>>> print(open('model_11.pdb').read())   # PDB, C-alpha atoms
ATOM      1  CA  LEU A 981     -14.008 193.429  67.335  1.00  0.00           C
ATOM      2  CA  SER A 982     -17.358 191.946  68.433  1.00  0.00           C
ATOM      3  CA  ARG A 983     -17.150 189.305  65.705  1.00  0.00           C
ATOM      4  CA  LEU A 984     -13.414 188.406  65.395  1.00  0.00           C
ATOM      5  CA  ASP A 985     -10.595 187.741  67.889  1.00  0.00           C
ATOM      6  CA  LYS A 986      -7.094 189.240  67.705  1.00  0.00           C
ATOM      7  CA  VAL A 987      -5.328 186.933  65.215  1.00  0.00           C
ATOM      8  CA  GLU A 988      -8.240 187.321  62.774  1.00  0.00           C
ATOM      9  CA  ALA A 989      -9.352 190.824  63.739  1.00  0.00           C
ATOM     10  CA  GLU A 990      -5.948 192.491  63.320  1.00  0.00           C
ATOM     11  CA  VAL A 991      -5.982 191.757  59.564  1.00  0.00           C
ATOM     12  CA  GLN A 992      -9.314 193.581  59.217  1.00  0.00           C
ATOM     13  CA  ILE A 993      -8.447 196.364  61.643  1.00  0.00           C
ATOM     14  CA  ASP A 994      -5.234 196.847  59.653  1.00  0.00           C
ATOM     15  CA  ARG A 995      -7.233 197.290  56.440  1.00  0.00           C
ATOM     16  CA  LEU A 996      -9.310 199.969  58.185  1.00  0.00           C
ATOM     17  CA  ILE A 997      -6.205 201.613  59.696  1.00  0.00           C
ATOM     18  CA  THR A 998      -4.538 201.728  56.284  1.00  0.00           C
ATOM     19  CA  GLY A 999      -7.521 203.327  54.550  1.00  0.00           C
ATOM     20  CA  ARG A1000      -8.419 205.732  57.366  1.00  0.00           C
ATOM     21  CA  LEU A1001      -4.797 206.815  57.768  1.00  0.00           C
ATOM     22  CA  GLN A1002      -4.624 207.397  54.003  1.00  0.00           C
ATOM     23  CA  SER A1003      -7.850 209.435  54.310  1.00  0.00           C
ATOM     24  CA  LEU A1004      -6.410 211.559  57.115  1.00  0.00           C
ATOM     25  CA  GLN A1005      -3.119 212.076  55.273  1.00  0.00           C
ATOM     26  CA  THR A1006      -5.071 213.176  52.184  1.00  0.00           C
ATOM     27  CA  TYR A1007      -7.088 215.651  54.251  1.00  0.00           C
ATOM     28  CA  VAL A1008      -3.976 217.051  55.964  1.00  0.00           C
ATOM     29  CA  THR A1009      -2.056 217.377  52.673  1.00  0.00           C
ATOM     30  CA  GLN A1010      -4.884 219.304  51.033  1.00  0.00           C
ATOM     31  CA  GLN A1011      -5.303 221.483  54.138  1.00  0.00           C
ATOM     32  CA  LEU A1012      -1.582 222.291  53.938  1.00  0.00           C
ATOM     33  CA  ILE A1013      -2.009 223.367  50.307  1.00  0.00           C
ATOM     34  CA  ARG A1014      -5.136 225.415  51.132  1.00  0.00           C
ATOM     35  CA  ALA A1015      -3.279 226.997  54.049  1.00  0.00           C
ATOM     36  CA  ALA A1016      -0.513 228.053  51.645  1.00  0.00           C
ATOM     37  CA  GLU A1017      -3.153 229.677  49.419  1.00  0.00           C
ATOM     38  CA  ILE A1018      -4.844 231.427  52.380  1.00  0.00           C
ATOM     39  CA  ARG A1019      -1.383 232.596  53.471  1.00  0.00           C
ATOM     40  CA  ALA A1020      -0.779 234.155  50.048  1.00  0.00           C
ATOM     41  CA  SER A1021      -4.222 235.791  50.238  1.00  0.00           C
ATOM     42  CA  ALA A1022      -3.568 237.145  53.750  1.00  0.00           C
ATOM     43  CA  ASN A1023      -0.194 238.493  52.575  1.00  0.00           C
ATOM     44  CA  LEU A1024      -2.053 240.308  49.801  1.00  0.00           C
ATOM     45  CA  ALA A1025      -4.701 241.548  52.258  1.00  0.00           C
ATOM     46  CA  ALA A1026      -2.006 242.830  54.648  1.00  0.00           C
ATOM     47  CA  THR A1027      -0.324 244.583  51.723  1.00  0.00           C
ATOM     48  CA  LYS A1028      -3.606 246.223  50.696  1.00  0.00           C
ATOM     49  CA  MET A1029      -4.224 247.315  54.278  1.00  0.00           C
TER      50      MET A1029
ATOM     51  CA  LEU B 981      16.065 188.424  56.017  1.00  0.00           C
ATOM     52  CA  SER B 982      18.181 186.536  58.586  1.00  0.00           C
ATOM     53  CA  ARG B 983      15.046 184.887  59.981  1.00  0.00           C
ATOM     54  CA  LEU B 984      12.785 184.226  56.926  1.00  0.00           C
ATOM     55  CA  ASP B 985      13.315 182.946  53.367  1.00  0.00           C
ATOM     56  CA  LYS B 986      11.988 184.599  50.195  1.00  0.00           C
ATOM     57  CA  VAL B 987       8.361 183.398  50.148  1.00  0.00           C
ATOM     58  CA  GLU B 988       7.791 184.218  53.825  1.00  0.00           C
ATOM     59  CA  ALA B 989      10.087 187.245  53.973  1.00  0.00           C
ATOM     60  CA  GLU B 990       8.571 189.002  50.945  1.00  0.00           C
ATOM     61  CA  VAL B 991       5.290 189.497  52.858  1.00  0.00           C
ATOM     62  CA  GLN B 992       7.151 191.236  55.707  1.00  0.00           C
ATOM     63  CA  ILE B 993       9.514 193.151  53.441  1.00  0.00           C
ATOM     64  CA  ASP B 994       6.439 194.341  51.532  1.00  0.00           C
ATOM     65  CA  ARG B 995       4.912 195.613  54.789  1.00  0.00           C
ATOM     66  CA  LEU B 996       8.091 197.609  55.445  1.00  0.00           C
ATOM     67  CA  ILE B 997       8.280 198.834  51.827  1.00  0.00           C
ATOM     68  CA  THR B 998       4.671 200.012  52.009  1.00  0.00           C
ATOM     69  CA  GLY B 999       5.153 201.993  55.210  1.00  0.00           C
ATOM     70  CA  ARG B1000       8.618 203.373  54.412  1.00  0.00           C
ATOM     71  CA  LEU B1001       7.545 204.423  50.920  1.00  0.00           C
ATOM     72  CA  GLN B1002       4.498 206.136  52.446  1.00  0.00           C
ATOM     73  CA  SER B1003       6.840 207.835  54.953  1.00  0.00           C
ATOM     74  CA  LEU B1004       9.182 209.099  52.250  1.00  0.00           C
ATOM     75  CA  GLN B1005       6.268 210.238  50.060  1.00  0.00           C
ATOM     76  CA  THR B1006       4.872 212.165  53.044  1.00  0.00           C
ATOM     77  CA  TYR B1007       8.260 213.815  53.546  1.00  0.00           C
ATOM     78  CA  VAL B1008       8.596 214.727  49.855  1.00  0.00           C
ATOM     79  CA  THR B1009       5.039 216.125  49.687  1.00  0.00           C
ATOM     80  CA  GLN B1010       5.573 218.358  52.707  1.00  0.00           C
ATOM     81  CA  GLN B1011       8.966 219.474  51.373  1.00  0.00           C
ATOM     82  CA  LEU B1012       7.225 220.451  48.122  1.00  0.00           C
ATOM     83  CA  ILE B1013       4.747 222.565  50.099  1.00  0.00           C
ATOM     84  CA  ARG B1014       7.525 224.131  52.212  1.00  0.00           C
ATOM     85  CA  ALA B1015       9.524 224.846  49.054  1.00  0.00           C
ATOM     86  CA  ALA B1016       6.510 226.666  47.601  1.00  0.00           C
ATOM     87  CA  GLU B1017       6.346 228.795  50.762  1.00  0.00           C
ATOM     88  CA  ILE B1018      10.112 229.468  50.722  1.00  0.00           C
ATOM     89  CA  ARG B1019       9.837 230.520  47.067  1.00  0.00           C
ATOM     90  CA  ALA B1020       7.019 232.939  47.914  1.00  0.00           C
ATOM     91  CA  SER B1021       9.319 234.326  50.625  1.00  0.00           C
ATOM     92  CA  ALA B1022      12.314 234.532  48.254  1.00  0.00           C
ATOM     93  CA  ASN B1023      10.107 236.320  45.701  1.00  0.00           C
ATOM     94  CA  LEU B1024       9.221 238.822  48.420  1.00  0.00           C
ATOM     95  CA  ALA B1025      12.875 239.164  49.478  1.00  0.00           C
ATOM     96  CA  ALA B1026      13.933 239.751  45.855  1.00  0.00           C
ATOM     97  CA  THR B1027      11.199 242.374  45.528  1.00  0.00           C
ATOM     98  CA  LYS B1028      12.397 244.125  48.688  1.00  0.00           C
ATOM     99  CA  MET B1029      15.972 244.042  47.415  1.00  0.00           C
TER     100      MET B1029
END
>>> encode(input="model_11.pdb", output="structure tokens")
Amino acid sequence: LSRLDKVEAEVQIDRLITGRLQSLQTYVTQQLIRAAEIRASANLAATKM
Amino acid sequence: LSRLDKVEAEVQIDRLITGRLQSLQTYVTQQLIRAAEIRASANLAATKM
């Protein structure tokens, strides 16, 4: 944004948006799977209590 | 498709395909995780039966 103006910059910003949004979606998906595993472990812990 | 012909339209259709396919893949992934949780709950319900 210091070096390019809108018509040019948007193409580059869109490449960053696409890759950063894919990075965030990957993080959230794997946190959802880890949460499901921690949920199973807490169910087991509550059953042992 | 009313406003652009193939060579121009394909770039815009591909933008929509990319984002809609990512939307539907996000939906399917989170349904897979929810289904795993509902199966853990059905396993528990069957065990309580």
>>> resolve_selection(input="model_11.pdb", expression="the ChimeraX specification (/B :<8) & /A", output="ChimeraX atom specification")
/A:1009,1012-1013,1016
>>> residues_around(input="model_11.pdb", residues="residue 993 (chain B)", least_positions_apart="6", cutoff="12 Å", atoms="only C-alpha atoms", output="CSV table (one decimal) with C-alpha atoms, keeping the file's coordinate frame")
chain,number,residue,atom,x,y,z
B,981,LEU,CA,16.1,188.4,56.0
B,983,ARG,CA,15.0,184.9,60.0
B,984,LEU,CA,12.8,184.2,56.9
B,985,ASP,CA,13.3,182.9,53.4
B,986,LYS,CA,12.0,184.6,50.2
B,987,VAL,CA,8.4,183.4,50.1
B,999,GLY,CA,5.2,202.0,55.2
B,1000,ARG,CA,8.6,203.4,54.4
B,1001,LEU,CA,7.5,204.4,50.9
>>> axis_aligned_box(input="model_11.pdb", around="region 1020-1023 of chain A", padding_each_side="5 Å", output="AutoDock Vina command-line options")
--center_x -2.2 --center_y 236.3 --center_z 51.9 --size_x 14.0 --size_y 14.3 --size_z 13.7
>>> build_atoms(input="model_11.pdb", residues="region 999-1019 of chain A", atoms="N, CA, C and O atoms", output="short mmCIF file (atom, residue, chain, number, x, y, z; two decimals), in the coordinates of the input")
data_model
loop_
_atom_site.label_atom_id
_atom_site.label_comp_id
_atom_site.auth_asym_id
_atom_site.auth_seq_id
_atom_site.Cartn_x
_atom_site.Cartn_y
_atom_site.Cartn_z
N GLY A 999 -6.68 202.42 55.32
CA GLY A 999 -7.52 203.33 54.55
C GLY A 999 -7.91 204.61 55.27
O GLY A 999 -7.96 205.68 54.66
N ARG A 1000 -8.11 204.54 56.58
CA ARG A 1000 -8.42 205.73 57.37
C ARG A 1000 -7.21 206.64 57.53
O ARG A 1000 -7.33 207.86 57.50
N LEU A 1001 -6.03 206.05 57.72
CA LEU A 1001 -4.80 206.82 57.77
C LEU A 1001 -4.48 207.46 56.42
O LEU A 1001 -4.04 208.61 56.38
N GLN A 1002 -4.72 206.76 55.31
CA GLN A 1002 -4.62 207.40 54.00
C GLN A 1002 -5.65 208.52 53.82
O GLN A 1002 -5.33 209.56 53.24
N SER A 1003 -6.85 208.37 54.38
CA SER A 1003 -7.85 209.44 54.31
C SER A 1003 -7.44 210.67 55.11
O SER A 1003 -7.58 211.80 54.64
N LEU A 1004 -6.89 210.45 56.30
CA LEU A 1004 -6.41 211.56 57.12
C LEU A 1004 -5.20 212.24 56.49
O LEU A 1004 -5.09 213.47 56.53
N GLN A 1005 -4.26 211.47 55.95
CA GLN A 1005 -3.12 212.08 55.27
C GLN A 1005 -3.54 212.88 54.05
O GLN A 1005 -3.00 213.95 53.79
N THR A 1006 -4.54 212.40 53.31
CA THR A 1006 -5.07 213.18 52.18
C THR A 1006 -5.68 214.49 52.65
O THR A 1006 -5.39 215.56 52.09
N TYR A 1007 -6.53 214.43 53.68
CA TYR A 1007 -7.09 215.65 54.25
C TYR A 1007 -6.01 216.63 54.70
O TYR A 1007 -6.06 217.82 54.37
N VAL A 1008 -5.04 216.17 55.48
CA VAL A 1008 -3.98 217.05 55.96
C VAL A 1008 -3.15 217.64 54.82
O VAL A 1008 -2.81 218.83 54.85
N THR A 1009 -2.79 216.85 53.82
CA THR A 1009 -2.06 217.38 52.67
C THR A 1009 -2.82 218.48 51.96
O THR A 1009 -2.27 219.55 51.64
N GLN A 1010 -4.11 218.27 51.71
CA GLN A 1010 -4.88 219.30 51.03
C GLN A 1010 -5.16 220.51 51.92
O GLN A 1010 -5.25 221.63 51.41
N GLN A 1011 -5.27 220.33 53.24
CA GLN A 1011 -5.30 221.48 54.14
C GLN A 1011 -3.99 222.26 54.14
O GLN A 1011 -4.01 223.48 54.27
N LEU A 1012 -2.86 221.58 54.04
CA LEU A 1012 -1.58 222.29 53.94
C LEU A 1012 -1.50 223.14 52.67
O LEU A 1012 -1.05 224.29 52.71
N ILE A 1013 -1.98 222.60 51.55
CA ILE A 1013 -2.01 223.37 50.31
C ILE A 1013 -3.00 224.54 50.38
O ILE A 1013 -2.68 225.67 49.97
N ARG A 1014 -4.20 224.31 50.91
CA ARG A 1014 -5.14 225.42 51.13
C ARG A 1014 -4.59 226.47 52.09
O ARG A 1014 -4.83 227.66 51.89
N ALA A 1015 -3.93 226.05 53.16
CA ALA A 1015 -3.28 227.00 54.05
C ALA A 1015 -2.25 227.85 53.32
O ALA A 1015 -2.15 229.05 53.58
N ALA A 1016 -1.44 227.25 52.45
CA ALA A 1016 -0.51 228.05 51.64
C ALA A 1016 -1.23 229.08 50.76
O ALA A 1016 -0.77 230.23 50.63
N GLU A 1017 -2.38 228.72 50.21
CA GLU A 1017 -3.15 229.68 49.42
C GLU A 1017 -3.78 230.78 50.28
O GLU A 1017 -3.76 231.96 49.89
N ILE A 1018 -4.32 230.43 51.44
CA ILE A 1018 -4.84 231.43 52.38
C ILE A 1018 -3.74 232.33 52.91
O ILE A 1018 -3.97 233.51 53.19
N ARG A 1019 -2.54 231.79 53.10
CA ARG A 1019 -1.38 232.60 53.47
C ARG A 1019 -1.04 233.62 52.40
O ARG A 1019 -0.79 234.79 52.70
#
